[PDB]
Amino acid sequence: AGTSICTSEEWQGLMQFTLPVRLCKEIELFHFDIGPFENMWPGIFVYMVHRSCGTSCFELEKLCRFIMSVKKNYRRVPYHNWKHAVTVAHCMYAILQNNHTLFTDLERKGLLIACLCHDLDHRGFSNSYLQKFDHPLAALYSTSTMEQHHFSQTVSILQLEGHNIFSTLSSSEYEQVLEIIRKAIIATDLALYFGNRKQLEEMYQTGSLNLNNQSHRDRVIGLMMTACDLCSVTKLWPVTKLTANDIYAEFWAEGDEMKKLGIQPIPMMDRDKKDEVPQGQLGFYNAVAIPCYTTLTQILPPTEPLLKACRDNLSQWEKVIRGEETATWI
Ligand SMILES: Nc1nc(=S)[nH]c2[nH]ncc12
Ligand code: NI
Ligand code: NI
């Protein structure tokens, strides 16, 4: 019920935060894992915004309020949580640093914010679930149900007193960045990814792709959003494997709810079908992750390390299937 707001202590603490110097170098790399630095997550996001956009891009007090209120509006769910938000924003930072002048100042600030916000107030349930059981959100948002909600949550937080980091934009640029953010969040609906990637692949392969064309830019930004959202598959194997445990914790909890409503869940969401997980991961990588990073690398060549890491993880799932897995901790 309603939008949560950070405390004075929370945002003033972020304002005074300083990032250890050794991490500065590490944060630039695609494979960086925020996992071991939880106390530093909000500060890491400030650092990224300041490196990409400038220390004066946002009023610091508004930015710190905004960040700490965003954190407070992620729920304590196993996967679609604050840690996921900051991970996705970091991937976007790495993409932006490596492709910096392809994107306008307004796009960079909008996309880093969109990434931080893109799963706001997620409940640990899929679009499939909300629509199957006619949750009020599915009535309000007929397609891309949760993503429309995440964008609405974003605008609610911006509207809190002292939280509007974009107020100093011209009236025109303000409308433009909100549209950047809306499009980017909606693009995180994997339903839309399949069509988007196929279109981009064609535009790329025929040579019609043109970044001066707004609809092309929109689609490229779309694919960047998918690549950042799925970036757990681009980390080192043990990190990827641990994150998969969190994703499946959510999936199995949803499947449990469907059993109670008289419907057998898809196997992926069935905690009594964990034997099918390795094959399911293979399916996901071949159908979703590999094509995403393949097309992204064609369009943005500096992103190739995402693709190489994704391929390496695909090989690991293949090893799991062949019974070659070694010791794992969870
Ligand atoms: N298998 C999957 N892995 C990730 S990171 N996300 C997913 N969404 N749906 C399936 C999966
Ligand atoms: Ni999402
Ligand atoms: Ni997400």
# chains A, B, ... in the order shown; residues from 1 in each chain; ligands from 1

$ select_by_dssp --residues "range 49-207 of chain A" --states "helix (DSSP H, G or I)" --output "PyMOL selection string"
chain A and resi 49-53+60-72+82-98+100-102+105-117+127-132+136-140+145-158+171-187+190-206

$ residues_near_ligand --ligand "ligand 1" --cutoff "10 Å" --atoms "only C-alpha atoms and all ligand atoms" --output "number ranges by chain"
A: 79, 126, 190, 229-234, 240-241, 243-248, 251, 268-269, 277-285, 288-289

$ write_last_selection --atoms "N, CA and C atoms" --output "compact mmCIF listing (two decimals), in the first residue's frame"
# COMPACT_ATOMS: atom_id res chain seq x y z
N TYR A 79 14.83 -13.03 -6.10
CA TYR A 79 15.59 -12.60 -7.29
C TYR A 79 15.30 -11.18 -7.78
N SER A 126 5.18 -13.81 -12.13
CA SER A 126 5.28 -13.52 -13.55
C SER A 126 4.02 -12.88 -14.16
N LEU A 190 10.22 -9.80 -21.61
CA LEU A 190 10.82 -10.77 -22.57
C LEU A 190 9.89 -11.17 -23.72
N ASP A 229 19.37 -6.93 -18.39
CA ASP A 229 18.42 -7.67 -17.51
C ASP A 229 18.90 -9.11 -17.32
N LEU A 230 19.42 -9.71 -18.38
CA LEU A 230 19.82 -11.09 -18.31
C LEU A 230 21.29 -11.28 -17.93
N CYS A 231 21.99 -10.21 -17.54
CA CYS A 231 23.45 -10.27 -17.45
C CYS A 231 24.01 -11.24 -16.39
N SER A 232 23.20 -11.75 -15.46
CA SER A 232 23.71 -12.85 -14.65
C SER A 232 24.30 -14.01 -15.46
N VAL A 233 23.80 -14.21 -16.67
CA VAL A 233 24.35 -15.26 -17.54
C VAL A 233 25.69 -14.92 -18.16
N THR A 234 26.20 -13.72 -17.88
CA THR A 234 27.50 -13.28 -18.45
C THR A 234 28.61 -13.17 -17.35
N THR A 240 27.00 -17.01 -11.89
CA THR A 240 25.86 -17.41 -12.68
C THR A 240 25.04 -18.52 -11.99
N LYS A 241 25.73 -19.51 -11.46
CA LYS A 241 25.05 -20.67 -10.87
C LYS A 241 24.30 -20.28 -9.60
N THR A 243 23.12 -17.26 -8.85
CA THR A 243 22.00 -16.40 -9.23
C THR A 243 20.85 -17.29 -9.76
N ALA A 244 21.18 -18.32 -10.52
CA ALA A 244 20.16 -19.25 -10.98
C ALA A 244 19.38 -19.86 -9.78
N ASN A 245 20.05 -20.16 -8.68
CA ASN A 245 19.35 -20.68 -7.49
C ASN A 245 18.29 -19.69 -7.00
N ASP A 246 18.62 -18.40 -7.05
CA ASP A 246 17.65 -17.35 -6.61
C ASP A 246 16.46 -17.22 -7.57
N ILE A 247 16.75 -17.20 -8.88
CA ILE A 247 15.70 -17.16 -9.90
C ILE A 247 14.71 -18.33 -9.67
N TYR A 248 15.25 -19.54 -9.52
CA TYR A 248 14.40 -20.71 -9.38
C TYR A 248 13.65 -20.70 -8.07
N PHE A 251 10.60 -18.94 -9.06
CA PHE A 251 9.82 -19.73 -9.95
C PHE A 251 9.03 -20.80 -9.15
N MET A 268 9.16 -25.71 -15.23
CA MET A 268 10.18 -24.79 -14.78
C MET A 268 9.83 -24.26 -13.40
N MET A 269 8.53 -24.19 -13.13
CA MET A 269 8.07 -23.60 -11.88
C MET A 269 7.71 -24.70 -10.89
N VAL A 277 15.86 -28.92 -14.77
CA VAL A 277 16.44 -27.58 -14.75
C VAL A 277 17.61 -27.41 -15.76
N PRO A 278 18.57 -28.36 -15.78
CA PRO A 278 19.71 -28.21 -16.72
C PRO A 278 19.29 -28.12 -18.20
N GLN A 279 18.42 -29.01 -18.63
CA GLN A 279 17.83 -28.90 -19.95
C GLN A 279 17.04 -27.59 -20.17
N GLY A 280 16.30 -27.15 -19.16
CA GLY A 280 15.60 -25.88 -19.24
C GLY A 280 16.55 -24.69 -19.42
N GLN A 281 17.71 -24.74 -18.75
CA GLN A 281 18.71 -23.70 -18.88
C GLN A 281 19.28 -23.74 -20.28
N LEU A 282 19.58 -24.94 -20.77
CA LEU A 282 20.02 -25.04 -22.16
C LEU A 282 19.04 -24.36 -23.12
N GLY A 283 17.74 -24.63 -22.92
CA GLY A 283 16.68 -24.06 -23.73
C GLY A 283 16.69 -22.54 -23.68
N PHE A 284 16.81 -21.99 -22.46
CA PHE A 284 16.84 -20.56 -22.27
C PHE A 284 18.04 -19.89 -22.95
N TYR A 285 19.20 -20.52 -22.85
CA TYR A 285 20.41 -19.96 -23.44
C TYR A 285 20.30 -20.00 -24.96
N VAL A 288 17.04 -17.55 -25.98
CA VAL A 288 17.00 -16.19 -25.49
C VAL A 288 18.42 -15.59 -25.36
N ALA A 289 19.27 -16.15 -24.49
CA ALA A 289 20.51 -15.41 -24.10
C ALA A 289 21.54 -15.32 -25.24

$ residues_around --residues "residue 236 in chain A" --least-positions-apart "4" --cutoff "8 Å" --atoms "only C-alpha atoms" --output "number ranges by chain"
A: 31, 240, 309, 313

$ residues_around --residues "residue 193 in chain A" --least-positions-apart "4" --cutoff "12 Å" --atoms "only C-alpha atoms" --output "PyMOL selection string"
chain A and resi 144+184-189+197-201+219-227+229-230+287-289+291-292+295

$ closest_atom_pairs --of "chain A" --to "ligand 3" --cutoff "7 Å" --atoms "only C-alpha atoms and all ligand atoms" --output "CSV"
residue,atom,partner,partner_atom_place_in_ligand_line,distance
A:80,CA,ligand 3,1 (Ni),6.2
A:84,CA,ligand 3,1 (Ni),6.7
A:85,CA,ligand 3,1 (Ni),6.9
A:118,CA,ligand 3,1 (Ni),6.3
A:119,CA,ligand 3,1 (Ni),5.3
A:188,CA,ligand 3,1 (Ni),6.8
A:229,CA,ligand 3,1 (Ni),4.8

$ write_last_selection --atoms "C-alpha atoms" --output "compact mmCIF listing (two decimals), in the first residue's frame"
# COMPACT_ATOMS: atom_id res chain seq x y z
CA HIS A 80 13.68 -9.50 -8.53
CA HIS A 84 19.17 -7.43 -9.29
CA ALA A 85 18.42 -3.70 -9.92
CA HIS A 118 13.06 -1.51 -14.02
CA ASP A 119 11.73 -4.17 -11.65
CA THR A 188 12.38 -5.58 -20.38
CA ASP A 229 18.42 -7.67 -17.51

$ closest_residue --among "A:70, A:299, A:48, A:15" --to "residue 27 in chain A" --atoms "only C-alpha atoms"
A:48

$ atom_distance --atom1 "CA of residue 182 in chain A" --atom2 "CA of residue 141 in chain A"
13.8 Å

$ atom_distance --atom1 "CA of residue 304 in chain A" --atom2 "CA of residue 324 in chain A"
27.4 Å

$ atom_distance --atom1 "CA of residue 75 in chain A" --atom2 "CA of residue 259 in chain A"
23.6 Å

$ closest_residue --among "A:133, A:7, A:82, A:179" --to "residue 260 in chain A" --atoms "only C-alpha atoms"
A:133

$ closest_residue --among "A:25, A:150, A:72, A:108" --to "ligand 2" --atoms "only C-alpha atoms and all ligand atoms"
A:150

$ closest_residue --among "A:208, A:286, A:213, A:127" --to "ligand 2" --atoms "only C-alpha atoms and all ligand atoms"
A:127

$ closest_residue --among "A:37, A:89, A:55, A:68" --to "residue 13 in chain A" --atoms "only C-alpha atoms"
A:68

$ closest_residue --among "A:53, A:64, A:116, A:21" --to "ligand 2" --atoms "only C-alpha atoms and all ligand atoms"
A:116
